[PDB]
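I have placed the structure first, in the form of structure tokens, so that the comments after it can refer back to it.
Every chain is numbered from 1 and lettered A, B, ... according to where its sequence line falls, protein lines coming before strand lines. Side chains are part of it too, since the values below use all heavy atoms of this structure and drop only hydrogens, waters and symmetry mates.
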Amino acid sequence: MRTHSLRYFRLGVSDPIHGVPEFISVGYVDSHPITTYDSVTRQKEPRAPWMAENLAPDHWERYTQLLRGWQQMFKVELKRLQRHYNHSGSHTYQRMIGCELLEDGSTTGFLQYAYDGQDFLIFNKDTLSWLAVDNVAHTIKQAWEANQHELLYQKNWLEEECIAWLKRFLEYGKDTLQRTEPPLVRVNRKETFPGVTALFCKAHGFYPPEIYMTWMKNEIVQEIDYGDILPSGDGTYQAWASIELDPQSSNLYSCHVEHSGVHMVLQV
Amino acid sequence: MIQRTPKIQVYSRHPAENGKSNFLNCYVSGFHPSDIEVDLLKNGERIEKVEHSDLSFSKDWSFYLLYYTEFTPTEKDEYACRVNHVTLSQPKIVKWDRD
Amino acid sequence: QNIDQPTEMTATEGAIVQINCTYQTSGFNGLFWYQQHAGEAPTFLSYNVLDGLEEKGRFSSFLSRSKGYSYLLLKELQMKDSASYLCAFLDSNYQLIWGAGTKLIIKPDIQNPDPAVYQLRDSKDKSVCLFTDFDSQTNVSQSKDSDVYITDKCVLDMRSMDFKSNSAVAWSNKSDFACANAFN
Amino acid sequence: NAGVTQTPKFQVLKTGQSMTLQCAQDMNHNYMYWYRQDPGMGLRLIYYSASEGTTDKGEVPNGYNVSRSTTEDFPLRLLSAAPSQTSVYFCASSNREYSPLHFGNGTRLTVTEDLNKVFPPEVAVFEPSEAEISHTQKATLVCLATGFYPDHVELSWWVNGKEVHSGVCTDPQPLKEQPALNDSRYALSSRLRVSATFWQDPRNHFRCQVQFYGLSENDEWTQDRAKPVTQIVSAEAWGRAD
Ligand SMILES: *Cc1cccc(C(=O)O)c1O
């Protein structure tokens with residue numbers, strides 16, 4: 001097995017332009033979106049069929065109402081922060097909550113907030129405390145730390161409920177979330193400039209998106225340039241790693257790739 | 001405040017070959033705030049029938065999107081991605097390069 | 001699914017009572033206790049979500065997640081502790097599931113019991129009888145006779161003399177009604 | 001803050017009448033709830049609201065509707081009073097979906113098929129036993145409210161025209177005069193225990209007040225007996241050395 005993760009995001013925007021929702025919420029398991037809700041639709045909807053097929057109407061009805069509540073709270077929380085900073089015009093507020101289930105059976109959980117896309121408040125479920133970045137966040141941290149019951153509720157949700165939800169969704173989407181599509185991996189020679197040869201180790205068609213790619217010699221290599229792990233659009237991913245051949249080296253270079261418990265070596 | 005300008009990467013679902021059915025991918029990521037406009041371009045013309053992912057969230061608080069269209073590449077057809085955002089005073093054109 | 005707590009408990013002033021609540025669920029966002037006095041609104045007493053024990057004054061609240069089990073412990077019982085205690089838990093969907101409540105009856109510590117029946121002057125003209133000053137272990141049974149009414153045991157507090165007494169009232173329009181042994 | 005204000009405290013309805021229970025909180029709470037409490041079962045959610053602009057069915061929504069136009073107000077509408085709706089209704093609010101509920105003081109509601117079944121209490125005060133005054137040096141006045149329907153009464157004790165609480169015990173629940181009948185009229189008893197001395201002072205006036213909740217002065221009435229309206233029915237006794 002590998003790591004799996006459940007994440008819920010909230011975005012709030014003050015004074016949004018025509019059409020753009022003042023509030024948006026999305027859930028993800030790993031890189032897949034599972035749920036969505038916004039201030040315009042005012043409805044929690046599934047973003048994956050294996051969610052849609054396994055969760056009764058009752059679930060979408062109940063969480064619809066919870067999100068209507070959370071939307072109102074978000075609006076009030078943003079308006080208050082703008083008052084504290086003395087900010088007019090449009091600003092953003094963001095929340096991320098989630099857990100990881102690792103293969104060894106162990107877990108993590110996290111909760112944080114951002115103001116204009118920067119870290120504002122981070123939660124520690126072990127010390128039951130909030131890390132604040134400025135005086136205005138310190139202010140919010142104090143109200144929250146005085147409510148011992150709320151901190152305990154958060155710790156419980158992160159450690160037990162989040163993880164139970166994750167294990168339930170992991171079952172519902174096992175065919176998508178627990179499958180392997182092995183990478184097709186090839187090495188291209190390119191004469192980057194006259195008299196200078198670079199090597200390109202390319203992978204594509206793989207899932208999950210986590211992949212280790214390096215160039216080794218005869219011994220890791222320095223001056224490795226990396227492509228990002230990018231979505232192919234069909235639910236698979238592609239990525240590459242390049243090195244440049246120091247002339248009159250004639251050393252033995254090789255591309256190493258690790259994906260989903262399988263190691264590959266392509267020499268040239 | 002700290003605005004982040006889009007990273008714009010244009011590429012094909014499969015290794016490209018002239019005359020051979022494929023998908024053209026424009027992946028916009030690492031931007032803030034969230035309002036963004038993307039058009040795929042064939043020889044500078046706006047392409048109609050471009051599907052796209054919903055707005056997506058990164059743990060660093062930035063956003064990412066995938067814009068894609070079905071296409072068959074020829075030797076002479078130019079393909080690009082045009083992106084507008086508050087960090088861009090003029091839309092930014094990124095051309096597709098095969099290799 | 002379910003939550004269970006005892007319908008009624010009875011304990012003595014100054015003593016200790018442990019009100020148990022069991023719950024079955026898949027998914028849990030915590031367990032609450034509310035206190036509800038006769039005729040009054042429930043008011044929040046306790047919240048447990050992690051395993052263990054919270055203590056505030058004479059009241060403690062325990063939670064075993066393992067055993068699906070909570071208790072509200074009241075120490076040094078007072079007459080004013082007489083109330084319904086409402087057990088409730090939040091499921092995965094934040095639905096609030098309520099127990100049927102435990103009625104807690106506190107029996108006064110009557111050191112000098114002086115059990116009498118007395119007839120009250122009928123200002124203006126039924127015959128009112130008063131059974132008073134009896135010991136808290138005495139159980140006032142309602143009669144059979146449908147023309148003779150008998151109230152439950154009431155506990156009055158005369159702070160005017162740091163005195164506490166049990167009493168029950170009986171009455172009837174019957175010409176043939178007698179206060180002596182009306183209680184029985 | 002007042003917390004949660006719920007009105008009215010008491011109401012009788014005829015089968016088929018319409019009714020609105022008011023509920024308000026000044027606490028900026030997102031969540032408001034309507035519950036019914038019936039003997040031998042837990043609070044049952046009628047409707048709830050997660051915010052101004054949204055509401056949703058609880059466990060027993062049938063025969064009721066709500067609205068949440070504002071953060072403050074969550075009115076509960078009884079569409080067509082049925083006997084099965086005889087209950088005690090509590091409005092509640094909470095800051096969040098997981099936070100503690102603040103409750104209103106409740107609405108005792110009785111639905112009867114016939115308003116001819118409504119009767120105000122007869123109230124009488126019984127003077128203390130000479131025997132008790134002698135054997136205990138204490139005097140136990142008894143007040144008795146009888147013949148009332150529905151069971152919608154507040155009994156208070158007044159000494160010299162000011163309410164008193166010390167040495168008072170009122171029955172928690174009214175008894176039934178005819179237990180067989182479901183339309184049975186009710187009786188309630190209360191005691192006030194004072195010092196024989198206090199009772200012997202002829203300057204001391206004792207008064208039993210039962211506030212009854214019944215018909216409105218607006219309600220139609222075609223019976224000979226007085227219209228059984230919301231009213232205070234009172235009995236009194238003066239102290240005596242006698
Ligand atoms: C659907 C859902 C469940 C839990 C938490 C959230 C959130 O927005 O934090 C959401 O959206």
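Interface remark: of the candidates C:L156, C:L120, C:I150, C:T151, C:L120 forms the most heavy-atom pairs closer than 4.5 Å to chain D.
Side-chain contact check for C:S123 versus D:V125: every heavy-atom pair is 4.5 Å or farther apart. Within the 4.5 Å cutoff, the side chain of D:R191 has heavy atoms near those of the C:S167 side chain. In this structure the side chain of C:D122 never reaches within 4.5 angstrom of the side chain of D:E127, judged on heavy atoms. In this structure the side chain of C:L96 never reaches within 4.5 angstrom of the side chain of D:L43, judged on heavy atoms. Residues D:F126 and C:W171 fail the side-chain proximity criterion, which asks for heavy atoms closer than 4.5 Å. Residues D:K138 and C:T132 have side chains not in contact (no heavy-atom distance under 4.5 Å, counting atoms from C-beta outward).
Using a 4.5 Å cut-off between heavy atoms, D:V194 contacts chain C through its backbone alone, with no side-chain atom that close. Neither the backbone nor the side chain of D:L188 comes within contact range of chain C; no heavy atoms are under 4.5 Å apart. Interface remark: D:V168 contributes backbone atoms only to the contact with chain C (heavy atom separation under 4.5 Å).
Here the side chain of C:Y118 pairs no donor or acceptor atom with the backbone of D:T140 at under 3.5 angstrom.
More than 12 heavy atoms of other residues, nucleotides or ligands shown are found within 6.0 angstrom of CG on C:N2.
For the 3.5 Å distance criterion, the side chains of D:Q37 and C:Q36 qualify, holding a donor opposite an acceptor.
With salt bridges taken as basic N to acidic carboxylate O contacts below 4.0 Å, one links C:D133 and D:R193.
Ring geometry, C:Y94 versus D:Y98: the interplanar angle falls from 30° to 60°, so the pair is classed tilted.
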